[PDB]
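Working notes for the structure below.
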Amino acid sequence: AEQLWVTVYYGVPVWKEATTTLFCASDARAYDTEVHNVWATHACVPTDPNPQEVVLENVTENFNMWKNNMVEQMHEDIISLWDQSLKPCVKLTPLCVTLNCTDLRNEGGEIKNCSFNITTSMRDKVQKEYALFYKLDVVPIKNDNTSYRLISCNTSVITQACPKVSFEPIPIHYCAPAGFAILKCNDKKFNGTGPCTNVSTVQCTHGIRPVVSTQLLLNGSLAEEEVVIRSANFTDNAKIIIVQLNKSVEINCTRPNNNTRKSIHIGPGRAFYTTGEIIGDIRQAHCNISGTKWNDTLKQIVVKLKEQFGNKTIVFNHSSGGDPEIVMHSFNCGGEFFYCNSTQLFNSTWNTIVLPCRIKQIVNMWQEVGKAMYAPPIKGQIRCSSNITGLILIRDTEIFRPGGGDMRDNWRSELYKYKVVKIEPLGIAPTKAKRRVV
Amino acid sequence: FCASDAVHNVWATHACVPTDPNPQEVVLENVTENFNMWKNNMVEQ
Amino acid sequence: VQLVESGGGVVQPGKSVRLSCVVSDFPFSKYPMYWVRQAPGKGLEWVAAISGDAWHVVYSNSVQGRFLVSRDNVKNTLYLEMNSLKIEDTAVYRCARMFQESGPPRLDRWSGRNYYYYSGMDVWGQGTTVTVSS
Amino acid sequence: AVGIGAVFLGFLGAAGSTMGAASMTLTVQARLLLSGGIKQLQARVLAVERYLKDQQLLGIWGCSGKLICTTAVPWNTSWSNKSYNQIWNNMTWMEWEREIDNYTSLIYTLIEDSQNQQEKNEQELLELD
Amino acid sequence: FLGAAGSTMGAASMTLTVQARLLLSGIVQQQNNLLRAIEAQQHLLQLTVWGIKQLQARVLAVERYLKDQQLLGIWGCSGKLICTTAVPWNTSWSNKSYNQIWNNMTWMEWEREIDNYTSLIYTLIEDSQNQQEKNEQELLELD
Amino acid sequence: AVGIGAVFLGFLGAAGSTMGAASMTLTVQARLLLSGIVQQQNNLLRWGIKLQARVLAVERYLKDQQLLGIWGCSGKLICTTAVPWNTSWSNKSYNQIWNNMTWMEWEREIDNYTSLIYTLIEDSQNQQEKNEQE
Amino acid sequence: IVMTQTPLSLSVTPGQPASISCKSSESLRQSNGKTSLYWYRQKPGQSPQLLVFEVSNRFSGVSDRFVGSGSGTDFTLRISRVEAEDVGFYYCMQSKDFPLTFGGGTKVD
Ligand SMILES: *[C@@H]1O[C@H](CO[C@@H]2O[C@@H](C)[C@@H](O)[C@@H](O)[C@@H]2O)[C@@H](O[C@@H]2O[C@H](CO)[C@@H](O[C@@H]3O[C@H](CO[C@H]4O[C@H](CO[C@@H]5O[C@H](CO)[C@@H](O[C@@H]6O[C@H](CO)[C@H](O)[C@H](O)[C@H]6O)[C@H](O)[C@H]5NC(C)=O)[C@@H](O)[C@H](O)[C@@H]4O[C@@H]4O[C@H](CO)[C@@H](O[C@@H]5O[C@H](CO)[C@H](O)[C@H](O)[C@H]5O)[C@H](O)[C@H]4NC(C)=O)[C@@H](O)[C@H](O[C@H]4O[C@H](CO)[C@@H](O)[C@H](O)[C@@H]4O)[C@@H]3O)[C@H](O)[C@H]2NC(C)=O)[C@H](O)[C@H]1NC(C)=O
Ligand SMILES: *[C@@H]1O[C@H](CO[C@@H]2O[C@@H](C)[C@@H](O)[C@@H](O)[C@@H]2O)[C@@H](O[C@@H]2O[C@H](CO)[C@@H](O[C@@H]3O[C@H](CO[C@H]4O[C@H](CO)[C@@H](O)[C@H](O)[C@@H]4O)[C@@H](O)[C@H](O[C@H]4O[C@H](CO)[C@@H](O[C@@H]5O[C@H](CO)[C@@H](O)[C@H](O)[C@H]5NC(C)=O)[C@H](O)[C@@H]4O[C@@H]4O[C@H](CO)[C@@H](O[C@@H]5O[C@H](CO)[C@H](O)[C@H](O)[C@H]5O)[C@H](O)[C@H]4NC(C)=O)[C@@H]3O)[C@H](O)[C@H]2NC(C)=O)[C@H](O)[C@H]1NC(C)=O
Ligand SMILES: *[C@@H]1O[C@H](CO[C@@H]2O[C@@H](C)[C@@H](O)[C@@H](O)[C@@H]2O)[C@@H](O[C@@H]2O[C@H](CO)[C@@H](O[C@@H]3O[C@H](CO[C@H]4O[C@H](CO[C@@H]5O[C@H](CO)[C@@H](O[C@@H]6O[C@H](CO)[C@H](O)[C@H](O)[C@H]6O)[C@H](O)[C@H]5NC(C)=O)[C@@H](O)[C@H](O)[C@@H]4O)[C@@H](O)[C@H](O[C@H]4O[C@H](CO)[C@@H](O)[C@H](O)[C@@H]4O)[C@@H]3O)[C@H](O)[C@H]2NC(C)=O)[C@H](O)[C@H]1NC(C)=O
Ligand SMILES: *[C@@H]1O[C@H](CO)[C@@H](O[C@@H]2O[C@H](CO)[C@@H](O[C@@H]3O[C@H](CO[C@H]4O[C@H](CO)[C@@H](O)[C@H](O)[C@@H]4O)[C@@H](O)[C@H](O[C@H]4O[C@H](CO)[C@@H](O)[C@H](O)[C@@H]4O)[C@@H]3O)[C@H](O)[C@H]2NC(C)=O)[C@H](O)[C@H]1NC(C)=O
Ligand SMILES: *[C@@H]1O[C@H](CO)[C@@H](O[C@@H]2O[C@H](CO)[C@@H](O)[C@H](O)[C@H]2NC(C)=O)[C@H](O)[C@H]1NC(C)=O
Ligand SMILES: *[C@@H]1O[C@H](CO)[C@@H](O[C@@H]2O[C@H](CO)[C@@H](O)[C@H](O)[C@H]2NC(C)=O)[C@H](O)[C@H]1NC(C)=O
Ligand SMILES: *[C@@H]1O[C@H](CO)[C@@H](O[C@@H]2O[C@H](CO)[C@@H](O)[C@H](O)[C@H]2NC(C)=O)[C@H](O)[C@H]1NC(C)=O
Ligand SMILES: *[C@@H]1O[C@H](CO[C@@H]2O[C@@H](C)[C@@H](O)[C@@H](O)[C@@H]2O)[C@@H](O)[C@H](O)[C@H]1NC(C)=O
Ligand SMILES: *[C@@H]1O[C@H](CO[C@@H]2O[C@@H](C)[C@@H](O)[C@@H](O)[C@@H]2O)[C@@H](O)[C@H](O)[C@H]1NC(C)=O
Ligand SMILES: *[C@@H]1O[C@H](CO)[C@@H](O)[C@H](O)[C@H]1NC(C)=O
Ligand SMILES: *[C@@H]1O[C@H](CO)[C@@H](O)[C@H](O)[C@H]1NC(C)=O
Ligand SMILES: *[C@@H]1O[C@H](CO)[C@@H](O)[C@H](O)[C@H]1NC(C)=O
Ligand SMILES: *[C@@H]1O[C@H](CO)[C@@H](O)[C@H](O)[C@H]1NC(C)=O
Ligand SMILES: *[C@@H]1O[C@H](CO)[C@@H](O)[C@H](O)[C@H]1NC(C)=O
Ligand SMILES: *[C@@H]1O[C@H](CO)[C@@H](O)[C@H](O)[C@H]1NC(C)=O
Ligand SMILES: *[C@@H]1O[C@H](CO)[C@@H](O)[C@H](O)[C@H]1NC(C)=O
Ligand SMILES: *[C@@H]1O[C@H](CO)[C@@H](O)[C@H](O)[C@H]1NC(C)=O
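Chains as they are written, first to last, in the numbering used here: chain A, 29 to 466; chain B, 73 to 117; chain C, 2 to 135; chain D, 311 to 439; chain E, 1088 to 1230; chain F, 48 to 181; chain G, 142 to 250.
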């Protein structure tokens, strides 16, 4: 027949999977004027995107929510955003001093205010003091009568965070650099892995508020009007149960103690702060959930927990194991840290709740062992309403307990749709044509 | 730039790029070239 | 400038009229228009909007599909035709011009889709009134 | 307060279509390939350093500045058992670049040193008359 | 090189015979001497505030050069200076007459005349001509 | 894994060839000037220095493509001219060098005259032929 | 979206400052760099007239004592030394997206 010759094409719409660098592209309003928002790092890239979207309608791309790289690039960056911000603030090495702590006039908690001699920046004469110290940060030392010492002296350094900054979790949109198209599944029956039907293409991902909480997920993002629950093997016992429920469950948590301002001794140009006085009467902080909807919720969960084996033996159980930082429910609220007891939330089922919250001050970094941030609060009481669009469970009559040791799994619940592919725009094909040759 | 074959060694990846797949060689036919190991900069590198 | 309407009055249910707002002096093809509905003793309800080139038309959900709007940039007219009339449509209609100027459509590069900008109103015509009853 | 439907095409919009329908679409994937706390800058060089390579390979092949062009390199039927009209009417590009992935290095050497190197020593010596 | 920014469009094409006043030639006679290797005769001696800024300066010298070659490269107008196309001008873009654009007009005012409409012209060259002619050329090689 | 010998004259391979012979490997030298084979297999896990060497290699590349653009010879590899030779550069005749000498030695005959060649190619080939356009 | 306001009735006499705020459910900040909230007034029996278009700027024929401000959700219109002819209603009108709604119109006597 005819002779065929190769023919070069450019801009051919193909891709392979690649692992490249994405970049922050945040909000850009009210970042100026004292907003030292540590998530924004003063509005990281000021884009405020217009997230357009192109449907492709003939494309099947075999996704995977479990071998995704985008969740790995967050957990690199978030502690990396801490580490530059943890640097210039005040170091707290010279404070690990033996104490004399007595009972405070209006349980185990704030009973002990303390006193110790220190000579930080004057470097001439020591001076005793008065502070306010909770539990969960002190140790009654040996061979002495009522003498305390901070729990994390002989770890790495105990640098605090500065009061200019704010940990306010504004939504961050991950955009893609040139030559990379972030894709997104358009099937809401997407169970986590496998193929999709009519994958689209966005410039930039949707709202991701990088909140930090164990055992739940607060200001999250929720699917349509079925409850979807995904996991890795979903038969294996030591995996993580990602729960996406179709409605929100409203939460109130408050700190009724009128904590105030304060003046503690100065480092070298470094004023250090330790929580000033309460107004004179102590009410212990608590979360406060509308317990009807929560009771309504968990029977709705075993509707969709069930349909992978039989029609029998569903229960709910509370957590277990170790010190209360991994036991009790952890989350932040506006420059303040909460460890709340959540044993009441996990009664079993069949086919207004007040929770005792606990607050500490010396708080470990989230995954590294070693350094640890620190922040005394601002004046007044604290209130933050919130939401719930998910929780983290484990397998163990088939026992479900609230597990959790990685908020990447929270970010896996946020990024269960996305995939970044590089363009290989050059391509060739044969036809009958031929270059003119003389 | 350094390329090291491939835990928490200082030479592992915090100084260099990871493992070497293959070194290559093309031998050249009709070529003369001077050399010195004392005016060299790789040894200063 | 001068901004009034015409064709108002009173009709039955199931009927169909068409008003006629006429502008005076500004270049009419440059600007988009609107329609608003103040019920007697109530607030205001937005009705409709046309692009400047008469290409983009956005209706309210309640009056969706029933009404009709159009432009004639040469004759400097503005029409609100209506169909399938109900008694609760009895209110004051007003012809109204956008405050700002509008541009031509935009055509974002990344997706071949134009964009017609829409902002609010400054010059309300005094407007006619249509009553639907027996 | 905006919005209208699609007019021309989208980005990667032809990537589920056939070759005969995607061949009229190449410009949209051609424009946006380049334009789009140090870690933005490390992206802004890789996006350049990938663009030059694809630009350079078109330059060597006597095919710079054109979107498509032909050569005189013969297609070898050992590379593809696919029939002709199946390729231009049934197969998408994303599938097609898994099928000739292995042969790609043989192709690029057999464009330059085969023809466009040879079309210069032949070209330079068509003088003297 | 901006010597005729107050001249008119019907007259600025006269002096544009010089290579846009040797536009790109000022870059190569710069980067021959921007690539003075005194930067390599020091290794900058450190990383300094200026070398951070020079690095962010050379990138924009790289990128914004490419965005002007690529658009000339895609338009079937690679490397030329005055090329014609096949796209018909639409009078809806500008209802100015002929001589007013050329004889009686600056340049920068004419930018603000069609800075709205500019992006539509970009697509209406490629998908109308340079996407289009390549297929019709390839049909004329089928025979 | 095994490998048979080269039949396509790899990198720097024809450095011992004559000037009429090494011209068949011009394509291999040009391709691998830019970035070589791509190193840095996406291992960004843990500077400044790194990327100055990456940026210079592009500038070495873009120096020459612009310079071939001024020399009317973008895209090609071998192109002619209207400039006659001046034998005061080197009067060595045709086959004294062409089928007798490599490229390292021909560069060591013309290195003193290098910038002198570049103005003449600029002016009398494209600054000249700009005055033939009309 | 939803956008109501408060208080409905402010039956006052001239000589004092006060303010009327309109409360937003969806936050307003368009990508142009501005917040499309338009405050204006009708008189009884009349088609309305524009008080201020943006929450910053004003309109022609407007006394200087008409000041407005607000965040993306909080929105406030303040009238210093409330004038005798401030009768009728005061509608808060937003222009985020469609259908663009109103407030009820605060009556001031
Ligand atoms: C398309 O395309 C194609 C191409 O492509 C291809 O493919 C692809 C896929 C890829 O692969 C690429 O790469 C490639 O390339 C084409 O085709 C083609 O064609 C051509 C033509 O030219 C061809 O060529 C041919 O070749 C051949 C071969 O060679 C080899 O061998 C030889 C020997 O031979 C042998 O012998 C023996 C003895 O006899 C035999 O045995 C027997 O057999 C029978 C049967 O067969 C029976 O069995 C009996 O019994 C027995 O005994 C055998 O067989 C044979 N074989 C054959 C094949 O035949 C020799 O001589 C030569 O030289 C060669 O050899 C080789 O060498 C090498 C080197 O050089 C070596 O290696 C080495 O090794 C070592 C170890 O040992 C180490 O390792 C070193 O390093 C290395 O280097 C080896 O070993 C060897 N081997 C042997 C075996 O030996 C030849 O022969 C021929 O020649 C002939 O012919 C001609 C014609 O012209 C003449 O001239 C002459 O004279 C002669 O005769 C040729 O050259 C090829 O092959 C092909 N290919 C394929 C098929 O594939 C196509 O064409 C296209 N198409 C279109 C359309 O275009
Ligand atoms: C390209 O596109 C851009 C937009 O898109 C941009 O680019 C894209 C790529 C995208 O990125 C997009 O996001 C970008 O935004 C176009 O830009 C637009 O340009 C036009 C100008 O062509 C702008 O319109 C003007 O806007 C002002 C207000 O805008 C201010 O704020 C914006 C942003 O905040 C600023 O950018 C801007 O510069 C301003 O500061 C608006 O008020 C203007 O309208 C008045 O002036 C004109 C001119 O007079 C009036 O038109 C006249 O009307 C009369 C009446 O009928 C006619 O007889 C005349 O023929 C006609 N024309 C002329 C030439 O006179 C217009 O009616 C209005 O006039 C005022 O009217 C009021 C009410 O009647 C009146 O007030 C009265 O006062 C009296 C006495 O006090 C009494 O009290 C009355 O009761 C009272 O009502 C007042 O006195 C009148 N004043 C005058 C002087 O007449 C003007 O339209 C537009 O803002 C801008 N942006 C946008 C987003 O659209 C650009 O045009 C495009 N390019 C091209 C080439 O098209
Ligand atoms: C130079 O540029 C021009 C402008 O470019 C424009 O702006 C640029 C910035 C850029 O964005 C461009 O993309 C943009 O186009 C070009 O002009 C365009 O040309 C195309 C042709 O290819 C035009 O497309 C036509 O569109 C018509 C309108 O389609 C709309 O309306 C349809 C329904 O139509 C409506 O019907 C009702 C019926 O009641 C009318 O209401 C009546 O109105 C009366 C008058 O006011 C009166 O008031 C009555 O009371 C009232 O009932 C209503 O007015 C009417 N709408 C309009 C706008 O008139 C919808 O179905 C449709 O979805 C869309 O909403 C189509 O009718 C038309 O199809 C007809 O024509 C074909 C060819 O003529 C024919 O084959 C068909 O069979 C059919 O009969 C076209 O599709 C486009 O509108 C033009 N733009 C503008 C802004 O007008 C120009 O092309 C270019 N120059 C060159 C050389 O290319
Ligand atoms: C899940 O999402 C919800 C909402 O989406 C979040 O709830 C909000 O959280 C923020 C962060 O704490 C709250 O913001 C705080 O509000 C306090 C109350 O201010 C009132 O008074 C001012 C007076 O003008 C009004 O303008 C304002 O609208 C309120 O009515 C402020 O006092 C706080 O500011 C403090 O910090 C600044 C920082 O420098 C200090 O300078 C100030 O002096 C002050 O001490 C702060 O802005 C917001 O109110 C919450 N909304 C609610 C409860 O409805 C949840 O936080 C989020 N979940 C989690 C876990 O974060
Ligand atoms: C398949 O494609 C259709 C459109 O072609 C998708 O429908 C879109 O769904 C989103 C989700 O709310 C809407 O905002 C869009 O308006 C819809 N498109 C249109 C044109 O209306 C659909 O989600 C895709 N997936 C499936 C499983 O059908
Ligand atoms: C996606 O695939 C469908 C078919 O699966 C394509 O639809 C065809 O479009 C051509 C063009 O007019 C028609 O001749 C065919 O009849 C259509 N197929 C059917 C079954 O009706 C569609 O074009 C593809 N999408 C794109 C963007 O090309
Ligand atoms: C390298 O040197 C060897 C021997 O000196 C060359 O082999 C011959 O070289 C002469 C030139 O003096 C050629 O005319 C012959 O054709 C060569 N022999 C054969 C069998 O081909 C060798 O060619 C030299 N390398 C190069 C690239 O010329
Ligand atoms: C830090 O050192 C601790 C030992 O300190 C002494 O022992 C405990 C029981 C208390 O009485 C304390 O007040 C005493 O000073 C270790 O227990 C602890 O593990 C050490 N922490 C490290 C190594 O990270
Ligand atoms: C062009 O120059 C004008 C002076 O001459 C005028 O030109 C013609 C077009 C008529 O408008 C007539 O009134 C005059 O003879 C300036 O007035 C004008 O501003 C200039 N610029 C333009 C039209 O863009
Ligand atoms: C600590 O002090 C209390 C009261 O001062 C005393 O009763 C107790 O015995 C002391 N404990 C010691 C010295 O270990
Ligand atoms: C899931 O359950 C167990 C635990 O891993 C294992 O035996 C089984 O093969 C798993 N199934 C998979 C991985 O598909
Ligand atoms: C939280 O407080 C808000 C404010 O009154 C209330 O509407 C909501 O019901 C509360 N949720 C509880 C008590 O669970
Ligand atoms: C989803 O929510 C609806 C009400 O919004 C509720 O009726 C339904 O039970 C929920 N789905 C599940 C699986 O509980
Ligand atoms: C639930 O689990 C806890 C331990 O996590 C266990 O003590 C309790 O008995 C369990 N309850 C049921 C009903 O299985
Ligand atoms: C917390 O709950 C208790 C009882 O349910 C109730 O008395 C109290 O008012 C609640 N407080 C808040 C702030 O919701
Ligand atoms: C929290 O839940 C309530 C329940 O209606 C919902 O209205 C609100 O939008 C939710 N919060 C967020 C930030 O979405
Ligand atoms: C080049 O030739 C001219 C004569 O045309 C001669 O004057 C000049 O000396 C030559 N160039 C050099 C560098 O010698």
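By construction, the Cβ of each residue, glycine as well, lies at the ideal position given by its N, Cα and C atoms.
A/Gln155 is classed as exposed because its beta carbon has fewer than 16 other beta carbons within 10 Å across all chains shown. Residue state for F/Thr128 is assigned as coil, using DSSP reduced to three classes.
Of all residues in the segment 99–116 of chain B, the ones placed with a Cβ closer than 7 Å to any Cβ belonging to chain F are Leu100, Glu101, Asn102 and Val103, in chain order.
Counting only the Cα atoms, C/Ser135 lies some 11 Å from C/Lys87.
Taking 7 Å as the upper bound on Cβ-Cβ separation, chain G lies near no residue of the segment 14–42 of chain C.
The segment 1111–1130 of chain E and the segment 79–88 of chain F do not touch, with fewer than three beta-carbon pairs separated by less than 8 Å. Proximity to A/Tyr38 across D/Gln350, D/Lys376 and D/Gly330 peaks at D/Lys376, based on C-alpha coordinates. Against chain A, a Cβ distance below 7 Å from F/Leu91 picks out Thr49.
With a threshold of 7 Å between beta carbons, G/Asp227 makes no contact with chain D. Membership of C/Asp123 in any alpha helix (DSSP H) is not indicated; the residue belongs instead to the beta strand (DSSP E) covering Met122 to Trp125. The beta-bridge partner set that DSSP reports for A/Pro168 consists of A/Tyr176. Around A/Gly304, the same chain offers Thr288, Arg289 and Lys290 as residues with beta carbons nearer than 6 Å, after the five sequence neighbours per side are excluded. For A/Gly431, the closest C-alpha among the options A/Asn96, A/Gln243, A/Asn274 and A/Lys327 is that of A/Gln243. A/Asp111 carries a helical assignment under DSSP once its states are collapsed to helix, strand and coil.
For A/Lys216, the shortest C-beta to heavy atom distance toward ligand 13 is 6 Å or greater. Bridge pairing for G/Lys164: G/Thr145 [DSSP].
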